[PDB]
Ligand SMILES: NC(=O)c1ccc[n+]([C@@H]2O[C@H](COP(=O)([O-])OP(=O)(O)OC[C@H]3O[C@@H](n4cnc5c(N)ncnc54)[C@H](O)[C@@H]3O)[C@@H](O)[C@H]2O)c1
Ligand SMILES: NC(=O)c1ccc[n+]([C@@H]2O[C@H](COP(=O)([O-])OP(=O)(O)OC[C@H]3O[C@@H](n4cnc5c(N)ncnc54)[C@H](O)[C@@H]3O)[C@@H](O)[C@H]2O)c1
Ligand SMILES: N=C(N)NCCCCN
Ligand SMILES: N=C(N)NCCCCN
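Chains as they are written, first to last, in the numbering used here: chain D, 301 to 774; chain L, 301 to 774.
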């Protein structure tokens, strides 16, 4: 009695079958009507092939590359009888090139990252600015300007980026009620941005604490994570990056901006997974997060930008990731950065290996009259196993967001290139919420200046606790 | 058939019965002749009392304080018939005051730290320099200038500080031998300092990797360590501190020297357990260490100082701790600094709780013709259980160093106030080595500039890989 939202008439082309593909396929089978034979999975690994064969789904063992993607994908996307859906959950592939190929062939598209073709993340000829997620996102915004409207393609619709955009909207609604701000619920981007401004939201952390842990301890010289190791390391070695709020009075000496684009970002000349920030979640209370670049750090700040008539930004929230991954991933980062090179091996924790834990993932809106408000999911591994197969709690928050994005795309298939900020947050959360466990809002009086200054002189701004100057760990 | 080294002809007063007192008591019983009733343990803890009652030893459940130490310890240490031994393995007590009391009453003395009376480490009216181990050590040096000679008192004779001073001497001898330099090894402090100078030793890391882990995972809001939690947190919140070599050409903007004293130190205006350095051990290979202040960072640099006729330092090595504690302690530090406060609870891992692991503890001499040489112990928990009770591998390296210092003090009882750098390193290692497991010397071509620069600008000195500029994580 799981809801079947729609029938999909055309081919369903899943690119990538790692941790998220494995968790998303069963949700697609559960929630859409289609002949199983219309699915096709593309992945270069033998591991993926054997799992796909165990599920009786068509499999092509190929890496999608710049050289082959047109000849490989166009026949799959256009096999008919109707509109196909490209579900892209891969690494090492260009999200922009594949999305544009889907659109010109009339196929819907969804992904969870603006990924580049293999070679980009470690290309020594690129300036740091060009390796930023701001720069990658700007290629998507340029593609939209060049071809407005047309077939829907949903960029960056996982848990974060993705779901957390919908949490920001729900949190703004809750804050407005709790603070007594009158007005109808916003229905346009400008109205959302004005509501954040009117509420006095100085900034937003994507504030996450993963407490899953395995039945075995972290092995030496093995990177351990609850989702893509390759993907986490790639974003962790990109510059630290944030949407930059109009309220900020200070940035570090090694911070840089952008000469062009939407104007909402800065980045630091240091890797994000070795950059710490002071943050807070309900279960962690005060904790360090890593300032890992994410698409939504830019997209949320951009979405909530208010401009004057000259086009100058007069309000924008700071927005960035404050990630505390699982303990073995924390150790894995200490080992990787401490050695100066990637470990020899890695592994992604399977639900059969996880003893207990939750993936606490939400948004921390701060600077308003009630100081700080966290809104999000506290999904446990135990609940995950009861309600969805083949994934851990991290995976289910992502796969269920892809499901919601797919439902929205089928119901709005002529919307052009869109981000999660552009979707109907209420419909998406209606689809996703059965998979999120406890979803709660919590206020706190904690601030980044709690307990400070201490035994040593610190470079703090005592006038405003939430300044990045107080959040960033030097 | 354990060797019995000496008769102790007077009371043995053990102050403190935590992890190190528990590991040292069986070695004292094993290796010294004395009537059982001569030994008494002083500790305020109920847990300690119960264990001592179980070991059949006299126990006085009392905190030693500035107000009571004279009335308590003078009668106990002078009970007769001859010279007693104060074995000080406590926290929250003044090493200097207890040492001076023991000496004025003719009792031998040993400790593993220059500890202050309770209140000092977190005193808000103290400048950071006054909280430094350099400053604490200078109180011992002044005591020795005021009362030269007299009864032997051994300051800071644990594993590190303590044993590592003997490892430095052995490593210097080994480096010379490996180069083909033959001849009488040094006998005076000047000759040792000139050996380091002549061999081109630029600096020394106390380079350690603890791999012990427990049968339960790290509990939330519990600090876990393999030795004193209180003591590790105390030194971890003291300023980062190092003996400062003559070859260094850069120091950070928040580094400071000292107006007075032996001249060998700098400190940083930040806590050492939240300061990382690039270092290396044989089992870890390249790793982060924490730059936690330690007595030997200053005492080894001081000992190996060569001065000119005017008294100015012409050569001195850099010397500092590069500590990678057990994984649960790494997580404990991330938790403590990330929350801004000490955890609600703590625990020290017992040998019965430890599944496997070693305490790899040695000295990394660098800058000489063979680049870098690590010399030290790789004692495993499995070997520990075979050879000594009531402790883990970390404890046994410490307790066996205390044993060695006790033998040396009984053999050289008229030497006055001394540090581990002043003892006969061969005799001390002769006593200690049965408890050290594999003791090895390993060369490596690794330097702090391995793999650097990466994809971000870095301030590095490529002319001199081992400069602190390149070691310090910035
Ligand atoms: N919330 C979010 O937005 C979010 C969360 C998790 C993951 N992600 C992203 O989702 C993607 C997948 O994550 P995951 O955990 O499943 O990763 P994963 O590492 O588990 O799996 C990635 C898969 O991609 C395949 N692959 C590699 N090269 C390929 C190519 N050229 N063509 C096709 N497939 C290729 C691999 O063989 C592998 O099976 C990653 O890009 C990741 O960063 C997003
Ligand atoms: N290699 C080294 O040099 C080295 C290594 C380990 C420990 N240390 C030092 O040795 C000492 C003991 O370490 P540990 O692991 O045994 O610590 P621990 O925390 O296990 O035990 C400390 C004990 O001191 C006792 N104590 C507290 N206040 C006291 C007082 N006023 N009088 C007497 N006893 C008191 C406590 O009850 C506790 O039992 C610490 O100072 C530590 O820093 C040195
Ligand atoms: N989300 C933004 N930053 N802008 C609005 C984009 C709307 C695309 N239809
Ligand atoms: N170890 C030194 N730094 N100096 C020599 C001290 C000698 C004490 N008898």
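No residue lacks a Cβ here, since even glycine has one placed at the ideal position from N, Cα and C.
Cβ-heavy atom distance, residue i to ligand 1, below 8 Å
i: residue 527 of chain D; result: yes
i: residue 488 of chain D; result: no
i: residue 629 of chain D; result: no
i: residue 344 of chain D; result: yes
i: residue 538 of chain D; result: no
Contact test: residue i Cβ vs ligand 2 heavy atom, cutoff 8 Å
i: residue 592 of chain D; result: no
i: residue 295 of chain L; result: Given that chain L is displayed from residue 301 to residue 774, the structure contains no residue 295 of chain L and the question cannot be resolved.
i: residue 695 of chain L; result: yes
i: residue 773 of chain D; result: no
i: residue 470 of chain D; result: no
i: residue 319 of chain L; result: yes
i: residue 415 of chain L; result: yes
i: residue 653 of chain L; result: no
i: residue 461 of chain L; result: yes
For residue j and residue i, the rounded distance between their alpha carbons
i: residue 451 of chain L; j: residue 458 of chain L; result: 20 Å
i: residue 343 of chain D; j: residue 364 of chain D; result: 8 Å
i: residue 706 of chain D; j: residue 410 of chain D; result: 7 Å
i: residue 434 of chain D; j: residue 620 of chain D; result: 12 Å
i: residue 521 of chain D; j: residue 753 of chain L; result: 22 Å
i: residue 497 of chain L; j: residue 654 of chain L; result: 42 Å
i: residue 635 of chain L; j: residue 524 of chain L; result: 11 Å
i: residue 600 of chain L; j: residue 570 of chain L; result: 22 Å
i: residue 334 of chain L; j: residue 340 of chain L; result: 12 Å
i: residue 530 of chain L; j: residue 537 of chain L; result: 11 Å
i: residue 314 of chain D; j: residue 385 of chain D; result: 8 Å
i: residue 613 of chain L; j: residue 602 of chain L; result: 10 Å
beta-carbon residue i near ligand 3 non-hydrogen atom, thresh 8 Å
i: residue 562 of chain D; result: yes
i: residue 599 of chain D; result: yes
i: residue 309 of chain D; result: no
i: residue 603 of chain D; result: yes
Pair within 9 Å by beta-carbon distance, residue i and residue j
i: residue 511 of chain L; j: residue 660 of chain L; result: yes
i: residue 623 of chain L; j: residue 589 of chain L; result: yes
i: residue 665 of chain D; j: residue 472 of chain D; result: yes
i: residue 772 of chain L; j: residue 576 of chain L; result: yes
i: residue 741 of chain L; j: residue 693 of chain L; result: no
i: residue 715 of chain D; j: residue 449 of chain D; result: yes
i: residue 568 of chain L; j: residue 584 of chain L; result: no
Closer than 8 Å: residue i CB and nearest ligand 4 heavy atom
i: residue 719 of chain L; result: yes
i: residue 450 of chain L; result: no
i: residue 715 of chain L; result: yes
i: residue 455 of chain L; result: no
i: residue 444 of chain L; result: yes
i: residue 745 of chain D; result: no
i: residue 722 of chain L; result: yes
i: residue 521 of chain L; result: no
i: residue 637 of chain L; result: no
i: residue 335 of chain L; result: no
Against chain D: residues of the stretch 609 to 635 of chain L by CB proximity under 7 Å: 627, 630, 631 and 634
Whole beta strand (DSSP E) elements within the stretch 462 to 523 of chain L, 3-residue minimum: 503 to 510
Near-chain D residues of the stretch 577 to 602 of chain L - C-beta to any C-beta below 9 Å: 578, 579, 583, 584, 585, 586, 587, 588 and 589
Interface residues of the stretch 556 to 579 of chain D facing chain L [CB-CB below 8 Å]: 569, 570, 571, 576 and 578
Residues, ordered as in the chain, of the stretch 532 to 548 of chain L that lie near chain D by beta-carbon distance below 7 Å: 537
Uninterrupted alpha helix (DSSP H) stretches inside the stretch 352 to 414 of chain D (no shorter than 4 residues): 369 to 377 and 395 to 404
Ranges of the alpha helix (DSSP H) found wholly within the stretch 528 to 598 of chain L, counting only runs of at least 4: 529 to 537
Chain D contacts made by the stretch 403 to 432 of chain L, where a contact means CB separation under 7 Å: 428
Short-range partners of chain D found in the stretch 749 to 761 of chain L, where Cβ spacing is below 9 Å: 750, 751, 752, 754, 755, 756 and 757
Members of the stretch 485 to 514 of chain D near chain L, C-beta cut-off 7 Å: 513
Residues within the stretch 333 to 363 of chain D neighbouring chain L, beta-carbon criterion of under 8 Å: none
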